[PDB]
């Protein structure tokens, strides 16, 4: 996370860290007691479930609790190196109890409307700068939803943003997700102060670059797919 701040325990209870052989590689989000949603690209090279573990809490160091992965489901239409349909599901080896420090986020219905200009938050243990290493303590950054048309302009992503994607950040840079944050959550609150998962950290041109906001997998566009695989 670039331009963010460290968080306190309990602020973002659904955040998870995915580790391969004990090393953090991607973020993920708890959507059920036994299910995590993440990005498909997190499992492109390292796909053996037995060597992946998930941890919760605000630190990777004294992890509050860890879980193994029983199964990994990548979207059928995802095709590396393309960024389209960048979504994955991971089933935990055992259920995670719901506590004030660790619990699921709500998923928006396919018709939920996130409006450009809406204030959202992205969290993760990712790099503080381009080519940097992951952090041990969870960070958050406030970003703004940018409409697809503006994000698709010639100076921006020039028509590369598909309907399965969403753009958020700042046109001037300053705040953005970065390497290591991939697969993590982009959330927003409704009037009842209930948090919903709007996006999944997917890609971008480097990190915090002007005119190149962060690109996220649009959850509403893949909501039914999640149901088809999990029943959630």
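Numbering follows the first chain given and starts at 1.
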property	result
Mean temperature factor over C-alpha atoms, higher-scoring stretch between 45-53 and 177-185	45-53
Mean Cα B-factor comparison, 133-141 or 153-161, giving the higher one as deposited	153-161
Of the residues 85, 114, 125, 121, the one carrying the largest Cα B-factor as recorded	114
Top Cα B factor in the deposited entry, candidates 39, 30, 65, 167	65
Ranked against its chain, the third holding the CA B-factor of residue 207	middle
Position of residue 13 among the chain's modelled residues by C-alpha B-factor, lowest, middle or highest third	middle
Chain thirds of CA B-factor: placement of residue 213	middle
Third of chain Cα B-factors occupied by residue 110	highest
Lowest, middle or highest third - CA B-factor, residue 89	lowest
